[PDB]
Structure formats: C-alpha cells, structure tokens
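Peer 1: This structure is in structure tokens; I'll ask about it shortly.
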Amino acid sequence: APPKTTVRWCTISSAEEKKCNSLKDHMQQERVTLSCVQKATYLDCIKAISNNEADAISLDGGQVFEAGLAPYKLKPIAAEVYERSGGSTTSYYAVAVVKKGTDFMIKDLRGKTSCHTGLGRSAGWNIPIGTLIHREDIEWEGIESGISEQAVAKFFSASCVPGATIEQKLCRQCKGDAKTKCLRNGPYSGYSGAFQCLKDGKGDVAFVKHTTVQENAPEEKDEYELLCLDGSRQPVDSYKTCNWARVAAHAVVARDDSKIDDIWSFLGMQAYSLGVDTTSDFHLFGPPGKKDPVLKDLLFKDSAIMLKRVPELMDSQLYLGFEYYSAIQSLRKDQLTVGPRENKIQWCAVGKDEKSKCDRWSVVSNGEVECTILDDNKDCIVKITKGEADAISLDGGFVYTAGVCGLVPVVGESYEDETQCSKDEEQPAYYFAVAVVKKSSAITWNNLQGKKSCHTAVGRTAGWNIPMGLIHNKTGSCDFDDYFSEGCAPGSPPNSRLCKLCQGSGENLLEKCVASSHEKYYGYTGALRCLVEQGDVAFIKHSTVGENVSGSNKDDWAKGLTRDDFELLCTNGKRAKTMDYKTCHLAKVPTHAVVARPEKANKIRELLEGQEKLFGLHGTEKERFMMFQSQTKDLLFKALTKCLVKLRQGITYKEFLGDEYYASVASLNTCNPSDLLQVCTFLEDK
Ligand SMILES: [Fe+3]
Ligand SMILES: [Fe+3]
C-alpha cells in the first residue's frame with residue numbers, strides 16, 4: 001500500500017540510534033525511507049508517537065501495555081518471532097537465572113540481591129515481582145494511599161533495577177557512573193546486562209528470558225541453572241518445565257490513526273533484505289557469543305528471527321492476553337483483591353432486543369445472570385476473551401471462530417424436548433443445512449449463479465458456511481459477492497452485492513446490513529422473510545419453514561403462508577418437499593452451543609442448570625419468564641430450544657463440531673478470514 005514517505009523510528013539510546021542510522025543508509029534507495037529520532041526514554045518515544053513526532057518503537061510486553069492506554073492509544077502492528085526446533089513463536093518464557101552451586105530455592109530469596117532488565121518490563125519486572133507478591137514474599141497490600149510498588153527495596157537487600165528513580169536500594173547493584181548507572185539504557189539493562197550483573201556477582205539472581213544464558217554464555221551454560229516456582233532448580237535447557245511465565249513477544253507500536261502500511265512496508269522489505277541470513281553485513285537481528293551488553297537488543301531483540309504482522313483487530317489488551325493483562329493490572333493499579341468471579345456471570349447480548357430479553361432474565365433470576373451489550377457476535381466474542389462478558393450462545397460457525405480464540409463449548413442447544421436432555425441427553429443431535437425455494441420450478445441447485453439469495457448471516461453454519469463452502473468448492477474462486485446477483489447476508493460490507501437486499505430496522509433508517517435482530521432479514525426467520533419478499537434463495541435450517549408457515553408465524557409477511565409455497569433444492573440438481581430433510585439437505589451440521597473461557601465454564605453450566613429448572617420449558621417460574629421463547633424471533637437462544645445438553649468437561653470445539661464441519665469451515669476460511677478470525681489465529685501462540 002503506497003506512499004513514498006518517511007517513517008520516523010524512535011530510539012531510546014545512542015547505541016541504538018547508530019544502528020538505526022546504519023539502517024537508513026542501507027536503503028535511502030526505497031519508496032519507504034527511515035528517519036531516526038532519539039528520546040531518553042521509551043515514554044518520551046510513546047508520547048513522541050502520541051504527538052506525530054515519531055512513528056514506531058518495538059516496546060517490551062510491559063510497555064506495549066502502557067502505550068495502549070489513553071491519551072495515546074498506540075497498538076501492536078508487528079511482533080518478534082523466535083524459535084529453533086519446532087518452528088517459530090510469538091512469545092517467550094520469563095526465567096530466574098542463578099549460579100550452579102549457591103543453594104537458595106524460591107523460598108529463600110529475601111535479603112538476596114537481584115539483577116533486573118528494567119522497571120516495568122515483563123521478564124525483568126512484572127513477572128517476577130508480581131509472582132512474589134502473589135506468593136506472600138513481597139508484602140504489598142496496596143496503595144489506597146498506601147506507599148508502594150518499590151517495596152522490593154524492602155524484600156531484596158540491594159538490586160539493580162534500571163528505571164528506578166524512586167528507590168536507592170534498587171539502583172544499588174548497577175554498574176556505570178552515578179547519574180547513569182540506573183538509567184534505562186545504562187550498562188546493566190536488558191536481558192544481557194541483567195545477565196552480566198549476575199556474571200559479575202552483583203546479584204544472586206537475574207530476572208531474564210529463556211535464551212539469555214545461550215546468547216551470553218553458550219560456552220559456559222553448565223555453570224548456571226534456573227530457579228523454578230515449585231522450590232526446585234532445573235537446568236538451563238529445562239526452562240519449558242522451569243519458567244515463571246510466557247509473555248507476549250516485544251512488538252512495534254504505532255498510531256492507530258495513521259500510516260501503519262508504510263511502517264509494515266519498510267519492515268517487510270528491511271527483514272527480507274537484512275534478515276537472519278542476510279547476504280552480508282547489515283543484520284537487523286544478529287546475536288553471537290556475547291558482544292558487549294549495550295550492543296545487544298538494538299531496535300529489535302537479538303533473539304528475534306522475523307517480524308510477524310499483527311492483524312488490525314488486535315489492541316494491547318488482546319495482544320498481552322487475559323492472564324498477563326490482568327497480572328499487569330494487579331500490581332500496576334489498585335489492590336484488586338476479592339473479586340475474581342464476582343458471582344453474577346455477565347451474559348453477552350447482541351443489540352437491543354436481546355438486551356431487553358436478557359435484562360428480564362436478570363430481574364427474574366434475582367440477578368444470577370447479569371447483562372452486557374454489543375452490536376455484533378464478533379464484538380461479543382472479544383468481550384469474553386477480555387473478561388468484560390462471560391457467555392453467549394452461538395451458532396456452530398461462530399463456535400469455530402470462538403474456539404480458535406480460546407473459548408470452549410459448555411452446553412449444546414437441543415431442539416428435542418423429548419430426546420436428549422439429562423439422562424436422556426446423549427450429544428446435542430444435529431440439524432440440517434437446507435436450500436429453500438418458492439413456487440417457480442425453474443430454479444435448481446446447479447442454476448443459482450445469478451440468483452438473488454438470502455442467508456441467516458455471514459459465517460453462520462446454515463446461512464453461510466455450508467452454502468458458500470459448497471459453491472466455493474465448485475468454482476474455486478474466493479469471489480462470494482460475485483456469484484449471486486444481489487443478496488442479503490447481514491454483516492457483509494455495505495458496498496457488497498450481498499448488502500443489497502437487506503432492509504435494516506423495519507426499513508426505518510437505522511441499520512441496513514448489521515448482523516443483529518435490528519436487521520429485518522437477520523436469522524433463519526429473517527432469511528425466509530427475504531425469500532418471501534425479495535430473495536430467490538433461502539439458506540436456512542430444516543425447521544425454519546415449518547416454524548413460521550401454516551399459522552405458526554403470525555406476522556403479516558408470514559400471515560398467508562403455507563409449506564406448499566416452499567420446496568427444497570437438492571445437490572443432485574433435483575428438488576423436494578420441505579417435510580423431507582434426511583434425503584435432500586445441504587449437509588448435516590452440529591448445533592448452537594454456549595461458549596466461555598475454560599476457567600469460567602463449570603459454573604456457567606450450573607448457572608444454566610439452575611436457570612433452566614426455573615425458566616426452561618418445564619420450568620417452575622416459566623409463567624414469570626420462559627428462557628427459550630422470544631418476543632421477536634430467536635433472541636438469546638434459538639426459539640424452539642427444548643433443553644440444554646451438557647458437554648463433558650474439557651471438550652474442544654473440534655470434538656464438538658466433528659471433523660466434517662471442522663474441515664468445511666477451515667477450508668472455506670482459506671479465502672477471507674474475518675478480522676476477528678485473523679486476531680485469534682495470531683494469538684493461538686500467545
Ligand atoms: Fe521483554
Ligand atoms: Fe445455525
């Protein structure tokens with residue numbers, strides 16, 4: 001994506017400002033050219049980037065955190081990649097390195113001396129200080145107006161903690177001048193300096209990363225060891241079973257509101273040219289048998305092997321994870337101490353009709369269920385990943401996109417009241433993907449190209465995945481929009497051909513193609529209405545038809561209706577009667593399931609057995625409120641849900657979906673993963 005612009009890099013040391021000037025000499029000869037600015041701190045760099053003075057910096061996990069907060073909301077545009085044998089990674093392990101032969105365990109660290117990478121840094125500060133507090137060791141039980149975070153000064157006798165401008169005990173083991181021993185860029189900073197601090201005997205432990213012995217002493221690795229959390233010691237190479245955490249790689253932050261394309265163009269180019277095996281001398285990442293610590297980790301960490309572009313949906317919150325974001329938070333802000341599950345579950349509700357239905361559930365339940373609101377499914381999957389909402393019942397297609405994201409199926413929606421439900425329950429039986437047509441017996445399966453189709457929504461089992469999975473296999477073109485003549489598939493780009501037949505809120509202005517019941521044509525019932533009113537095709541499930549037809553839907557569009565007005569389209573070319581599913585469907589597909597973070601999932605499940613005993617379809621207070629009946633159409637739960645089938649503990653979204661449906665939504669998504677699917681693909685790594 002084209003400029004011919006300068007990118008203003010922000011360096012926070014003069015060593016690093018020399019590797020940056022050597023790099024803009026290495027391609028003054030490109031569309032995208034570099035410029036270098038030097039600031040004392042990365043925090044002078046952050047607001048340098050807030051104001052439009054600078055354009056990039058590769059910040060630690062810890063300082064990507066603070067760059068992502070207001071009044072500058074910089075986001076991660078690329079990440080460092082790292083391994084040896086197995087592949088590449090987007091993360092690293094914080095370790096606590098000790099000398100072989102000293103004899104302290106983790107219990108015994110008090111009145112010891114520590115070498116730190118820096119103040120506010122992951123492996124160096126956040127991981128190990130945060131872990132000491134949590135265990136009991138560092139005694140800090142907040143800043144209400146409690147004096148505080150440098151209470152490590154009390155724990156450690158003296159330390160070397162670069163950036164500390166509060167404590168003196170913390171500046172104490174640092175080599176260098178007087179003014180400059182305790183600077184960020186000072187001699188005992190980074191992984192490599194904190195390692196040297198320990199080599200020297202200026203600390204008893206160094207709070208470093210998993211490659212720090214090997215980049216600094218590959219030669220004398222047998223002389224060092226790791227300090228495990230279980231009150232044992234493990235060898236240098238046993239860090240997979242002896243680390244303190246796994247944090248998000250350092251990553252390049254840049255204004256959201258700007259030129260993230262030129263920075264990635266420069267970076268993409270640079271790396272391709274001056275990468276790991278360059279064809280001679282400028283190396284952007286190059287780290288052998290120890291150099292001088294101040295020479296290490298300039299621009300990018302020496303252990304970085306590539307720079308991986310970060311999907312546009314990612315923020316810092318999402319970038320760091322739920323655990324690490326919240327661990328920063330713990331120590332970084334207030335004592336947040338007796339509210340981990342705040343015993344109300346937050347339901348995620350898509351748009352205003354489900355909100356009102358939810359709100360009623362809250363009332364009625366006596367606030368056992370509480371409610372969150374969002375405009376999309378997509379947006380609701382983000383809140384859950386982020387701990388801002390806890391659960392949502394989703395179509396199987398969204399189950400796939402959610403499981404990719406780390407969320408797990410809790411209860412499967414069963415559409416037999418009847419079959420599978422307790423003792424009764426086996427596995428939520430599967431429904432069927434179907435193609436519905438009207439009167440005209442011209443239209444066939446094999447004649448749809450050019451038709452005027454209708455879809456439940458984009459990325460919905462029945463409404464999109466089966467239909468488009470199937471068409472796409474035929475054609476082998478990622479052209480979806482340009483197959484049908486015009487259509488409705490809410491959540492489609494507004495410009496699309498597939499945003500053409502949507503009618504939004506009534507038609508009454510509001511919102512012509514959103515994926516919510518704010519859109520006229522959203523859901524299974526929404527796209528039958530499209531058939532009836534505009535559509536040529538309706539991609540729906542097997543009972544839609546027989547749910548709204550012969551006096552079942554009492555809407556005016558549906559008023560006249562009968563199942564005689566509809567037929568099904570077979571894949572063989574032929575047609576059939578709606579009341580014939582087993583013999584003429586698009587495919588047999590898994591049900592709708594409620595998903596949650598895996599930690600949350602066993603008290604969601606009892607919440608729901610609780611609520612179902614009361615508001616389910618043989619509920620005790622079902623006169624007060626029936627959970628599975630909607631005042632519009634499907635709202636929270638599909639409207640003819642009979643019960644919620646319990647998934648056994650630790651079931652993955654793949655096992656839930658099965659291999660057929662797993663393989664069709666994988667294969668379809670080889671073409672145009674949505675932004676939430678791209679954030680979550682990235683993050684399977686974390
Ligand atoms: Fe780091
Ligand atoms: Fe569905």
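In the structure tokens, the first chain shown is A, the next is B, and so on; residue numbers restart at 1 for each chain, and ligands run from 1 in the order shown.
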Kindly provide the residues of chain A that approach ligand 1 to within 9 Å, each paired with its closest atom pair and their distance in Å to one decimal, based on only C-alpha atoms and all ligand atoms, listed by chain and increasing number, as a Markdown table.
Peer 2:
```
| residue | atom | partner | partner_atom_place_in_ligand_line | distance |
| --- | --- | --- | --- | --- |
| A:59 | CA | ligand 1 | 1 (Fe) | 8.0 |
| A:60 | CA | ligand 1 | 1 (Fe) | 4.5 |
| A:61 | CA | ligand 1 | 1 (Fe) | 5.8 |
| A:62 | CA | ligand 1 | 1 (Fe) | 7.3 |
| A:92 | CA | ligand 1 | 1 (Fe) | 8.3 |
| A:94 | CA | ligand 1 | 1 (Fe) | 8.4 |
| A:117 | CA | ligand 1 | 1 (Fe) | 8.2 |
| A:121 | CA | ligand 1 | 1 (Fe) | 6.0 |
| A:122 | CA | ligand 1 | 1 (Fe) | 5.3 |
| A:123 | CA | ligand 1 | 1 (Fe) | 5.9 |
| A:124 | CA | ligand 1 | 1 (Fe) | 7.3 |
| A:190 | CA | ligand 1 | 1 (Fe) | 8.1 |
| A:191 | CA | ligand 1 | 1 (Fe) | 7.9 |
| A:208 | CA | ligand 1 | 1 (Fe) | 8.4 |
| A:209 | CA | ligand 1 | 1 (Fe) | 7.6 |
| A:247 | CA | ligand 1 | 1 (Fe) | 7.9 |
| A:248 | CA | ligand 1 | 1 (Fe) | 8.1 |
| A:249 | CA | ligand 1 | 1 (Fe) | 6.8 |
| A:250 | CA | ligand 1 | 1 (Fe) | 5.8 |
| A:301 | CA | ligand 1 | 1 (Fe) | 8.6 |
```
Peer 1: For N, CA and C atoms, I'd like the residues from the last selection saved as an mmCIF file, in the first residue's frame.
Peer 2:
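And here is the file that came out, out-v2.cif:
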```
data_model
loop_
_atom_site.group_PDB
_atom_site.id
_atom_site.type_symbol
_atom_site.label_atom_id
_atom_site.label_comp_id
_atom_site.auth_asym_id
_atom_site.auth_seq_id
_atom_site.Cartn_x
_atom_site.Cartn_y
_atom_site.Cartn_z
ATOM 1 N N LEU A 59 8.376 -2.040 21.619
ATOM 2 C CA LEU A 59 8.226 -1.981 23.088
ATOM 3 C C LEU A 59 8.112 -3.358 23.711
ATOM 4 N N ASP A 60 8.581 -3.527 24.907
ATOM 5 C CA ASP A 60 8.511 -4.783 25.684
ATOM 6 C C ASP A 60 6.996 -5.054 25.873
ATOM 7 N N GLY A 61 6.640 -6.256 26.287
ATOM 8 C CA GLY A 61 5.297 -6.653 26.648
ATOM 9 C C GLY A 61 4.728 -5.695 27.664
ATOM 10 N N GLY A 62 5.443 -5.410 28.751
ATOM 11 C CA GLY A 62 5.130 -4.482 29.777
ATOM 12 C C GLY A 62 4.808 -3.076 29.372
ATOM 13 N N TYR A 92 7.646 -15.687 24.636
ATOM 14 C CA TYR A 92 8.831 -16.158 25.371
ATOM 15 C C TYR A 92 8.503 -16.430 26.819
ATOM 16 N N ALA A 94 9.717 -16.166 30.800
ATOM 17 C CA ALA A 94 10.467 -15.406 31.797
ATOM 18 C C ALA A 94 11.166 -16.465 32.641
ATOM 19 N N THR A 117 16.144 -6.521 34.317
ATOM 20 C CA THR A 117 16.181 -5.988 32.954
ATOM 21 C C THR A 117 15.722 -4.549 32.966
ATOM 22 N N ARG A 121 8.992 -3.933 32.805
ATOM 23 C CA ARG A 121 9.313 -4.913 31.817
ATOM 24 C C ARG A 121 8.895 -6.277 32.253
ATOM 25 N N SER A 122 8.455 -7.093 31.316
ATOM 26 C CA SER A 122 7.924 -8.391 31.584
ATOM 27 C C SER A 122 8.772 -9.310 32.427
ATOM 28 N N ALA A 123 9.774 -9.921 31.866
ATOM 29 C CA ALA A 123 10.634 -10.959 32.434
ATOM 30 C C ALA A 123 11.468 -10.327 33.549
ATOM 31 N N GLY A 124 11.893 -9.143 33.369
ATOM 32 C CA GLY A 124 12.627 -8.310 34.239
ATOM 33 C C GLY A 124 11.970 -7.760 35.470
ATOM 34 N N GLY A 190 18.632 -4.580 30.063
ATOM 35 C CA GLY A 190 18.144 -5.537 29.076
ATOM 36 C C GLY A 190 18.388 -6.896 29.701
ATOM 37 N N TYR A 191 18.145 -7.915 28.906
ATOM 38 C CA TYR A 191 18.325 -9.290 29.349
ATOM 39 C C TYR A 191 19.774 -9.570 29.680
ATOM 40 N N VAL A 208 15.505 -12.774 33.773
ATOM 41 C CA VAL A 208 15.780 -12.688 32.325
ATOM 42 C C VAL A 208 14.862 -13.654 31.547
ATOM 43 N N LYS A 209 15.173 -13.804 30.268
ATOM 44 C CA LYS A 209 14.462 -14.645 29.327
ATOM 45 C C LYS A 209 15.193 -15.968 29.105
ATOM 46 N N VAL A 247 5.209 -14.742 28.038
ATOM 47 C CA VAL A 247 4.709 -13.409 27.744
ATOM 48 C C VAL A 247 4.808 -13.169 26.231
ATOM 49 N N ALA A 248 4.090 -12.110 25.931
ATOM 50 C CA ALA A 248 3.916 -11.693 24.532
ATOM 51 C C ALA A 248 5.195 -11.039 24.047
ATOM 52 N N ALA A 249 5.740 -11.534 22.931
ATOM 53 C CA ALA A 249 6.941 -11.001 22.294
ATOM 54 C C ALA A 249 6.947 -9.492 22.324
ATOM 55 N N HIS A 250 8.150 -8.932 22.242
ATOM 56 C CA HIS A 250 8.222 -7.426 22.083
ATOM 57 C C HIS A 250 7.529 -7.154 20.760
ATOM 58 N N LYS A 301 15.235 -7.112 19.523
ATOM 59 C CA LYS A 301 15.924 -8.086 20.317
ATOM 60 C C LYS A 301 16.741 -8.950 19.375
#
```
Peer 1: Any residue with an atom at most 6 Å from ligand 2 counts, using only C-alpha atoms and all ligand atoms. Which are they? Put them as a PyMOL selection string.
Peer 2: chain A and resi 395+460-462
Peer 1: Near residue A:564, within 9 Å and counting only C-alpha atoms, which residues show up once chain neighbours fewer than 4 positions away are dropped, as a list in words?
Peer 2: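 So, after excluding close chain neighbours, the residues are residues 438, 439, 577 and 578 of chain A.
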Peer 1: Give me a file of those residues, with C-alpha atoms, as a PDB file, in the first residue's frame.
Peer 2:
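In the end it all went to out-v4.pdb:
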```pdb
ATOM      1  CA  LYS A 438     -40.657 -20.893  -3.649  1.00  0.00           C
ATOM      2  CA  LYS A 439     -43.153 -21.886  -6.391  1.00  0.00           C
ATOM      3  CA  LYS A 577     -40.716 -31.149  -0.377  1.00  0.00           C
ATOM      4  CA  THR A 578     -39.813 -29.160   2.734  1.00  0.00           C
TER       5      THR A 578
END
```
Peer 1: Any idea what's packed within 10 Å of stretch 131-142 of chain A, counting only C-alpha atoms, ignoring anything in its chain fewer than 4 positions away? Could you give it as a count of residues only?
Peer 2: 30
Peer 1: Could you give me, as an MDAnalysis selection string, each residue of stretch 92-144 of chain A that DSSP assigns to strand (DSSP E or B) when run on this structure's backbone?
Peer 2: chainID A and resid 92:99 113:116
Peer 1: May I have the selected residues written with N, CA, C and O atoms, as a compact mmCIF listing (two decimals), in the first residue's frame?
Peer 2:
```txt
# COMPACT_ATOMS: atom_id res chain seq x y z
N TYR A 92 7.65 -15.69 24.64
CA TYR A 92 8.83 -16.16 25.37
C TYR A 92 8.50 -16.43 26.82
O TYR A 92 7.51 -15.93 27.29
N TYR A 93 9.34 -17.18 27.45
CA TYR A 93 9.37 -17.59 28.82
C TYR A 93 10.27 -16.75 29.74
O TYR A 93 11.49 -16.60 29.54
N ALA A 94 9.72 -16.17 30.80
CA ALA A 94 10.47 -15.41 31.80
C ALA A 94 11.17 -16.47 32.64
O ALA A 94 10.54 -17.52 32.86
N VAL A 95 12.46 -16.29 32.91
CA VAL A 95 13.21 -17.22 33.76
C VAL A 95 13.94 -16.34 34.85
O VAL A 95 14.02 -15.08 34.81
N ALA A 96 14.31 -17.06 35.88
CA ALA A 96 15.09 -16.54 37.02
C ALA A 96 16.38 -17.39 37.05
O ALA A 96 16.26 -18.57 37.41
N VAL A 97 17.46 -16.77 36.56
CA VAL A 97 18.76 -17.47 36.48
C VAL A 97 19.62 -17.16 37.74
O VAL A 97 19.68 -16.02 38.22
N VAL A 98 20.20 -18.24 38.18
CA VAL A 98 21.08 -18.39 39.33
C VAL A 98 22.40 -19.09 38.91
O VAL A 98 22.44 -19.71 37.84
N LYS A 99 23.39 -19.05 39.79
CA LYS A 99 24.65 -19.77 39.57
C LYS A 99 24.50 -21.19 40.09
O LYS A 99 23.84 -21.46 41.10
N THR A 113 20.13 -10.55 46.41
CA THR A 113 20.28 -9.38 45.50
C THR A 113 19.93 -9.82 44.10
O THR A 113 20.26 -10.92 43.66
N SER A 114 19.22 -8.93 43.44
CA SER A 114 18.66 -9.11 42.11
C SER A 114 19.08 -8.15 41.01
O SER A 114 19.24 -6.91 41.04
N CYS A 115 19.18 -8.85 39.86
CA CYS A 115 19.53 -8.09 38.61
C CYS A 115 18.27 -8.13 37.75
O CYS A 115 17.74 -9.22 37.58
N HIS A 116 17.86 -6.94 37.37
CA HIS A 116 16.63 -6.74 36.61
C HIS A 116 16.94 -6.08 35.29
O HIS A 116 17.79 -5.20 35.17
```
Peer 1: Tell me, counting only C-alpha atoms, for each residue of stretch 349-414 of chain A within 10 Å of stretch 489-497 of chain A, which pair of atoms is nearest and how far apart they are in Å to one decimal, in rows ordered by chain and increasing number, as JSON lines.
Peer 2:
```
{"residue": "A:376", "atom": "CA", "partner": "A:491", "partner_atom": "CA", "distance": 8.3}
{"residue": "A:377", "atom": "CA", "partner": "A:491", "partner_atom": "CA", "distance": 9.8}
{"residue": "A:378", "atom": "CA", "partner": "A:491", "partner_atom": "CA", "distance": 9.9}
```
Peer 1: With N, CA and C atoms retained, could you export that selection as a PDB file, in the first residue's frame?
Peer 2:
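Once everything was written out, this is part24.pdb:
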```
ATOM      1  N   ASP A 376     -22.641  -6.915  17.581  1.00  0.00           N
ATOM      2  CA  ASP A 376     -22.209  -7.990  16.725  1.00  0.00           C
ATOM      3  C   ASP A 376     -22.006  -9.226  17.552  1.00  0.00           C
ATOM      4  N   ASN A 377     -21.783 -10.366  16.974  1.00  0.00           N
ATOM      5  CA  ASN A 377     -21.389 -11.608  17.631  1.00  0.00           C
ATOM      6  C   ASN A 377     -19.854 -11.491  17.941  1.00  0.00           C
ATOM      7  N   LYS A 378     -19.183 -11.016  16.943  1.00  0.00           N
ATOM      8  CA  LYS A 378     -17.779 -10.721  16.746  1.00  0.00           C
ATOM      9  C   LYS A 378     -17.273  -9.939  17.959  1.00  0.00           C
TER      10      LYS A 378
END
```
Peer 1: Between A:593, A:478, A:600, A:303, single out the one closest to residue A:346, counting only C-alpha atoms.
Peer 2: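 Closest residue, counting only C-alpha atoms: A:600.
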Peer 1: Got a sec: who's within 8 Å of residue A:640, counting only C-alpha atoms, leaving out chain neighbours fewer than 4 positions off, as a PyMOL selection string?
Peer 2: chain A and resi 415+628-629
Peer 1: Which polymer residues have any atom within 12 Å of an atom of stretch 262-275 of chain A, counting only C-alpha atoms, with same-chain residues fewer than 6 positions away left out, as a VMD selection string?
Peer 2: chain A and resid 1 to 9 20 22 to 35 54 to 58 76 to 81 252 to 256 281 to 286 299 to 300 302 304 to 312
